[PDB]
Every structure is written in structure tokens, then in C-alpha cells.
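K.L.:
Residue numbers (PDB author numbering): 631 to 881.
Just so you know, even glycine gets a beta-carbon here, dropped at the ideal spot from N, CA and C.
The following block contains the structure, expressed as C-alpha cells.
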Amino acid sequence: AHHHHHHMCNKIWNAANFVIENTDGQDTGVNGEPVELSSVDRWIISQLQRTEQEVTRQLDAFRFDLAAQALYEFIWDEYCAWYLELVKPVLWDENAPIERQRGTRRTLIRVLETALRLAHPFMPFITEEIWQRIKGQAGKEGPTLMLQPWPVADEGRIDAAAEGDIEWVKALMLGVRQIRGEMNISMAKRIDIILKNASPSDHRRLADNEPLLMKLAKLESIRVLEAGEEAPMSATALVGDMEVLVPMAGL
Numbered sequence: 631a632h633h634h635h636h637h638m639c640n641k642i643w644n645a646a647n648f649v650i651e652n653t654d655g656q657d658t659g660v661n662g663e664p665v666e667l668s669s670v671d672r673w674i675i676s677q678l679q680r681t682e683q684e685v686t687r688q689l690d691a692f693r694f695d696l697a698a699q700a701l702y703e704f705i706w707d708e709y710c711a712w713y714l715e716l717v718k719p720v721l722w723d724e725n726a727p728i729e730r731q732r733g734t735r736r737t738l739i740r741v742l743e744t745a746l747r748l749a750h751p752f753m754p755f756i757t758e759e760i761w762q763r764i765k766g767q768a769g770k771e772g773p774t775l776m777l778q779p780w781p782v783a784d785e786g787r788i789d790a791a792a793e794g795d796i797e798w799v800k801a802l803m804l805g806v807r808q809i810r811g812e813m814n815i816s817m818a819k820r821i822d823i824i825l826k827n828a829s830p831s832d833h834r835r836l837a838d839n840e841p842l843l844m845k846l847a848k849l850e851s852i853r854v855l856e857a858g859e860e861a862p863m864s865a866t867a868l869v870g871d872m873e874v875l876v877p878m879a880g881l
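Below, the structure is given as C-alpha cells:
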């Protein structure tokens, strides 16, 4: 979607408030020591690199319009729409391992800091405002955002495997949402899922992301169909060639 500058003010302010509320008084890994990143963290970091490249390419071609829209698609459509939801199973679980907490919070704050730096040429005052409040926790120093270094993409942090995993998680989550809307099921009700025609990558992606899926898609259970199992009558969606079944039995 095209994103207006003024709408992005609101989006950035609210994102920053969420990040601050979820990092104040907590360890953001500002010490520079090891954290534990999941493929969700690696995905958003990889997307950030690609965005740095495209914004810079467009600025180099004097296309402020295209540079802003590439940035805004990252901030609005990836970071806000998805990453800020996908971190919730860690941020809101008191028993999340401390290294995962550190990795999640570091990632949240470093990506925000970089997004602010990239947006400064378009929206200097709001970005400066927020930056001054988060720079300490992001591990950045300097008096003003305008004279900070321009970000340079690190090809070593591009991670196509993580990206493919999170695109699968998105498609599964959207497929379940779409079934809820169609069957007028509350977004709150826990439901059972069956997966039909699941490849080995599907299985690996499920094993890796099961706890997140259960929490965020509000699932009672999720399992692959047993070899030679008949599948009960259900609403369906597709994630590639895999089909996602919600048995009607329940609702």
C-alpha cells in the first residue's frame, strides 16, 4: 500500500511506545555480549538489510518518493505488522529464557533505532525526538540523529532461510485468520488444526515454530495428519501445497 508521511508519524510513535514499554527496566543486550536469536529475529534483521540497500539506492537516484515508500513498507508492513506481533510470545512469557529475552529486546530496539535513522531525511523532528529516548538502550551515542552515520547493509546478515520460514509462518497464520472470519469464529477461541500434505520442510518449520503458532494463532492443538488417516470434515486453507484443516466438529 502507499503510506502517507503523516500516517507514518502515528505508526512510528506507537511502535516506539510499544518497544519502550517492553524494554524499560529490562536487558536490551547493550553490553554487546551474546544473545539467542530465533529465525523470527533473523528474518526482521535480514529484511532491514535489504531495506537499507533499497533506500540508499533510491536516495542515490534522487528518488525521495521511492526511498520513503521502500522504508515505509518495511516499517509498516514488516516491522509493525509482523515483528511486533511475533515477539509477543517471548516478551510476555515470564519463563522465556533470559538469552531469548535479550535477543528479542536487542533486536527490537536496534531495528527501531536504524528505522529512525533511515526515516530522518523524511521526518526529521519526530525521528530525532524518539531517537534521543531510545539511543542509550540501542547502544548508540552522539548528540543528534542528523549527523549519525548512514546505515550500510551487511550482506552477512541477509538470511533467506529465515525469511522463507517466516513467510511460511505468515501464510499459516493468515490462513487460520481467514477461516475464523469465514466461519464467524471469535478471534479468541482456541481451535484444533490438522495439516494435510505436509512436506519435510513443513514439518521442520512446524517443529521450530509450534509454541509461537499456538500462542498467536490461538490454537488448542496442531498436528500433521497420520499416514492413512481419514481427515474429518473441515474448513480449509493452503500454505503452498500444504492444507490447513480446522475440523467443523468443534465450533
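Which partner residues does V854 have in the DSSP bridge list?
P.N.:
Paired residues: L825.
K.L.:
Who pairs with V876 in a beta bridge, going by DSSP?
P.N.:
Beta-bridge pairing links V876 to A865.
K.L.:
Out of curiosity, what's the CA-to-CA distance linking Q677 and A768?
P.N.:
Roughly 18 Å separates the two Cα atoms.
K.L.:
Which word fits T866, buried or exposed, when buried means at least 16 other C-beta atoms lie within 10 angstroms of its C-beta?
P.N.:
Per the 10 Å Cβ criterion, exposed.
K.L.:
On the three-state DSSP scale, how would you describe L849?
P.N.:
It is a strand residue.
K.L.:
Going by Cα to Cα distance, which pick from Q731, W706, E708 and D707 is closest to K718?
P.N.:
It is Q731 whose Cα lies nearest to the Cα of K718.
K.L.:
State the start and end residues of the unbroken alpha helix (DSSP H) segment that holds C710.
P.N.:
Per DSSP, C710 belongs to no alpha helix (DSSP H) and is neither H nor E.
K.L.:
Residues in its own chain within less than 8 Å of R747 by CB, not counting five upstream and five downstream?
P.N.:
Once the five neighbours on either side are set aside, the close Cβ partners of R747 are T757, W761, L775, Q778, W780 and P781.
K.L.:
Of all the alpha helix (DSSP H) runs that stay within the bounds of the region 777 to 823, which reach a length of 4 or more residues?
P.N.:
Counting whole runs of 4 or more residues, the region 777 to 823 contains the alpha helix (DSSP H) stretches 790 to 812.
K.L.:
Are the beta-carbon atoms of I796 and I823 separated by less than 7 Å?
P.N.:
Result no, Cβ atoms of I796 and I823 do not sit closer than 7 Å.
K.L.:
Could you pull the start and end residues of the alpha helix (DSSP H) that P664 belongs to?
P.N.:
Per DSSP, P664 belongs to no alpha helix (DSSP H) and is neither H nor E.
K.L.:
Can you say whether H637 is buried or exposed, counting buried as having 16 or more other CB atoms within 10 angstroms of its CB?
P.N.:
Exposed: under 16 other Cβ atoms inside 10 Å.
K.L.:
Can you tell me the Cα-Cα spacing of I809 and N661, whole angstroms?
P.N.:
Answer to the nearest angstrom: the Cα atoms are 44 Å apart.
K.L.:
Answer yes or no: do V854 and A828 have a C-beta to C-beta separation smaller than 7 Å?
P.N.:
Against a cut-off of 7 Å, the Cβ pair of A828 and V854 comes out as a contact.
K.L.:
By Cβ distance below 8 Å, which residues in the same chain neighbour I650 in space, the five residues on each side in sequence not counted?
P.N.:
So the list reads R763 and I764, once near-sequence residues are dropped.
K.L.:
For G794, count the other beta carbons within 10 Å of its own beta carbon; 16 or more makes it buried, fewer makes it exposed. Which is it?
P.N.:
Result: exposed.
K.L.:
Using only the alpha-carbon positions, how far apart do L849 and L689 sit?
P.N.:
Answer to the nearest angstrom: the Cα atoms are 44 Å apart.
K.L.:
Do you know how far the Cα of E840 is from the Cα of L825?
P.N.:
Taking the straight line from one Cα to the other gives about 13 Å.
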